[PDB]
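[1] Take this sequence and fold it.
(2 chains, ligands or ions: 1)
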Amino acid sequence: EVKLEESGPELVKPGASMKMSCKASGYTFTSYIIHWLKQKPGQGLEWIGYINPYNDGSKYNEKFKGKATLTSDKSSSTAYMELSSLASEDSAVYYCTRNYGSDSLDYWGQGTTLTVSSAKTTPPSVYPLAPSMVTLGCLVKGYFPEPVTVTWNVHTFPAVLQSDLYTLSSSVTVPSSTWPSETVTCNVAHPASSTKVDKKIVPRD
Amino acid sequence: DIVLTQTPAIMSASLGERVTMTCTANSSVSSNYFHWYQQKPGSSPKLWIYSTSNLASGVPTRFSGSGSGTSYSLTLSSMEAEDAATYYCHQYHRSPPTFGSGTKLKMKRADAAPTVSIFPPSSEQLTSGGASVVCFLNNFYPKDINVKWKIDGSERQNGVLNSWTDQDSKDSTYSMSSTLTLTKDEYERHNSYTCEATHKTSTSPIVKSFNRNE
Ligand SMILES: *[C@@H]1O[C@H](CO)[C@@H](O)[C@H](O)[C@H]1NC(C)=O
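    Numbering: from 1, shown residues only, chains lettered A, B, ... in the order given. The relevant structure is shown in the block below.
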């Protein structure tokens, strides 16, 4: 089955460049154009350009023909997008997607989230939220960039940015007989700092 | 860059309701090169309808698409919860291909009151000089809700971060988290912390408190 696998989220400083990748599988790489699009949160899609891996020709939106460079490597069936001279406004989700019948876009990569900021990469501080069904939670504070994953042993809220640090929380609802007799632990991963936290939900006093 | 204007920008529908949404172009576009996508939060768009009226693989037959020239529409014969998403139109009559700013289709459902829980600062957090009080407001509908924080009965507006989930896939409710952050010094100078939710489901606020005496 067709699949486009994009590279992970990256944080980059303003002024620098970055290159993201889109590894294609399950079809003849050179037989189809791949397009690249930008989507800022809450907004629709903006087209950057496309790559034709058959002849290595790429075609650009006039707006991006300076900033963006699309390439591909036939041997690894990977397409690449380089964005240069990065600024805040380049922060967005970027998608690769395959060109199909009548230039419909039939298979999409999962998206690569780019964050452009001067802010320091910072691992989270994780705090237990302790008081028939009982709600527990954990507060994941003071981290940058996104994302964090939260796993228990459920409502996990989108992060909020303030003064270049994110705050996120997650709530879990178990029965009274479970906690505190059993261990309950929220497991936080922050891949950008290569950190995790195994926080035990401890009762107070 | 042909402008595509989608209407309505936002709309709600109950299970079973017929839904139609429109995409208007500033220039004529061939129907063969007009397509629709569905996108859910945190995930990639999927092709939904291609060449005006052909359903993409796996798209249920309650969807249909129509149009020509400058006026296109997507129709949902009977709304189901899995259909809540943003739908985007796409023209590739000219380069650069362009897309609409989307119709966000939400699920309407019966009102539901929030379940409210309040949590004091952990001693771990206090050890480092910070103090965050957290309030969860879980599984309520409609989205409109006013959380107020009170310290010894007096309203606090500064230092509050609020975050809403997207509609839940199963029950179509919203949840919300509210985090009041103070200094340890400020926190330790008051006794009671109160989270108050006003929501159309109760004439009274749903209130939770704790005091630094328990
Ligand atoms: C597109 O059409 C709308 C509505 O008639 C109009 O107000 C808008 O300015 C047009 N945009 C362009 C770029 O011509």
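
[2] How is the chain divided into domains?
    This is for chain A. Domain ranges of chain A: A:1-118, A:119-203, per curated CATH domains.

[3] nope, chain B
    According to curated CATH domains, the ranges for chain B are B:1-109, B:110-212.

[4] I'd like the ones you listed written out as TSV, with distance to chain A and mean neighbour count added.
    In short, each C-beta sits where N, CA and C put it, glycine included. Output for the domains of chain B, formatted as TSV (distance: least, C-beta to the nearest C-beta, whole Å; neighbours: other C-beta atoms under 10 Å in any protein chain shown):
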stretch	distance to chain A	mean neighbour count
domain B:1-109	4	18
domain B:110-212	4	17
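
[5] Quick one: closest of those to residue A:47.
    Closest to residue A:47 of the domains of chain B is domain B:1-109 (C-beta to C-beta; 5.1 Å).

[6] The residue nearest to the spatial centre of chain B sits in which helix or strand?
    Residue closest to the average C-alpha location in chain B (C-alpha atoms, centre = their mean): residue B:166, at 3.9 Å. Under DSSP states H and E, no helix or strand contains residue B:166.

[7] hang on, isn't residue A:74 packed against residue A:53?
    Yes. Residue A:74 lies in contact with residue A:53 (C-beta atoms under 8 Å); the separation is 6.1 Å.

[8] quick one on the thing from earlier: ok, which of the domains of chain B comes nearest residue A:120?
    For residue A:120, the closest of the domains of chain B is domain B:110-212, at 17.3 Å, according to C-beta to C-beta.

[9] From the opening residue of that closest one to its closing one, how far?
    Using C-alpha to C-alpha, to the nearest Å, one end of domain B:110-212 lies 38 Å from the other.

[10] Tell me how far it lies from the chain's centre.
    The chain centre lies 19 Å from the centre of domain B:110-212; the measure is C-alpha atoms, centre = their mean, to the nearest Å.

[11] now stretch A:76-86
    16 Å.

[12] Check whether it comes near chain B.
    No. Stretch A:76-86 is not in contact with chain B by C-beta under 8 Å from any C-beta of the partner chain; minimum separation 15.6 Å.

[13] Show me the contact partners of that stretch.
    The contact list for stretch A:76-86 (C-beta atoms under 8 Å, 6 or more residues apart in numbering or on different chains) reads A:12-25, A:29, A:34, A:36, A:48, A:51, A:53, A:67-73, A:90, A:94, A:96, A:114, A:116.

[14] Can you list which of the residues you listed are found in helices?
    Among the contacts of stretch A:76-86, DSSP state H puts none in helices.

[15] now the residues you listed: which count as buried?
    A:12, A:18, A:20-24, A:29, A:34, A:36, A:48, A:51, A:53, A:67-70, A:72, A:90, A:94, A:96, A:114, A:116 (16 or more other C-beta atoms under 10 Å in any protein chain shown).

[16] Test my guess that residue A:172 contacts residue A:151.
    No. Applying C-beta under 8 Å as the test, residue A:172 and residue A:151 come out as separate, 10.4 Å apart.

[17] List the residues that are in contact with both of those two.
    With C-beta under 8 Å, 6+ apart as the test, residue A:172 and residue A:151 both reach residue A:186.

[18] returning to that earlier point: could the domains of chain B go into JSON lines alongside distance to residue A:167?
    Conversion of the domains of chain B to JSON lines gives the following (distance: least, C-beta to C-beta, whole Å):
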{"stretch": "domain B:1-109", "distance to residue A:167": "18"}
{"stretch": "domain B:110-212", "distance to residue A:167": "5"}
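
[19] Can you say which of those domains is nearest to residue A:166?
    With C-beta to C-beta as the measure, domain B:110-212 is the member of the domains of chain B nearest residue A:166 (9.6 Å).

[20] what residues are up against the closest residue in space to residue B:27 that isn't next to it in sequence?
    Distance criterion C-beta to C-beta, 6 or more residues apart in numbering or on different chains; nearest residue to residue B:27, sequence neighbours excluded, is residue B:2 at 5.0 Å. Contacts for residue B:2 (C-beta under 8 Å, 6+ apart) come out as B:25-27, B:29, B:91, B:93-94, B:98.

[21] one step back: as JSON lines, the domains of chain A with distance to residue B:107 would be great.
    Compiled in JSON lines, those are given as follows (distance: least, C-beta to C-beta, whole Å):
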{"stretch": "domain A:1-118", "distance to residue B:107": "19"}
{"stretch": "domain A:119-203", "distance to residue B:107": "17"}
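
[22] mind listing the helices for chain B?
    Under the criterion DSSP H, helices of chain B are mapped to B:123-127, B:184-187.

[23] Mind listing residues that contact the longest one?
    So the one you mean is helix B:123-127. Taking C-beta under 8 Å, 6+ apart as the rule, helix B:123-127 contacts A:125, A:127-128, A:139, A:141, A:204, B:131-132, B:184, B:187.

[24] Now, the buried ones among the contacts of stretch A:76-86 that are in strands?
    Taking DSSP state E, the ones among those that sit in strands are A:12, A:18, A:20-24, A:34, A:36, A:48, A:51, A:68-70, A:72, A:94, A:96, A:114, A:116.

[25] which residues does the residue lying closest to residue B:164 once chain neighbours are set aside bridge with?
    Nearest non-adjacent residue to residue B:164, counting by C-beta to C-beta, 6+ apart: residue B:176, 5.0 Å away. Note on residue B:176: beta-bridge partners by DSSP bridges are residue B:137, residue B:164.

[26] I'd assumed residue B:147 was in contact with residue B:176.
    Yes. Under the criterion of C-beta under 8 Å, residue B:176 makes contact with residue B:147 at 7.0 Å.

[27] Report the set of residues contacting both of those two.
    B:137, B:162.

[28] who's more crowded, residue A:172 and residue A:151?
    residue A:172 (20 against 14; other C-beta atoms under 10 Å in any protein chain shown).

[29] any idea how far that one is from chain B?
    10 Å (C-beta to the nearest C-beta, to the nearest Å).

[30] which SS state does that residue fall under?
    Classification of residue A:172 using DSSP: H, G, I helix; E, B strand; the rest coil returns strand.

[31] need the contact list for it.
    A:135-137, A:152, A:154, A:184, A:186 are the contacts of residue A:172 under C-beta under 8 Å, 6+ apart.

[32] Residue B:32 too?
    Here residue B:32 is in contact with A:102, B:51-52 (C-beta under 8 Å, 6+ apart).
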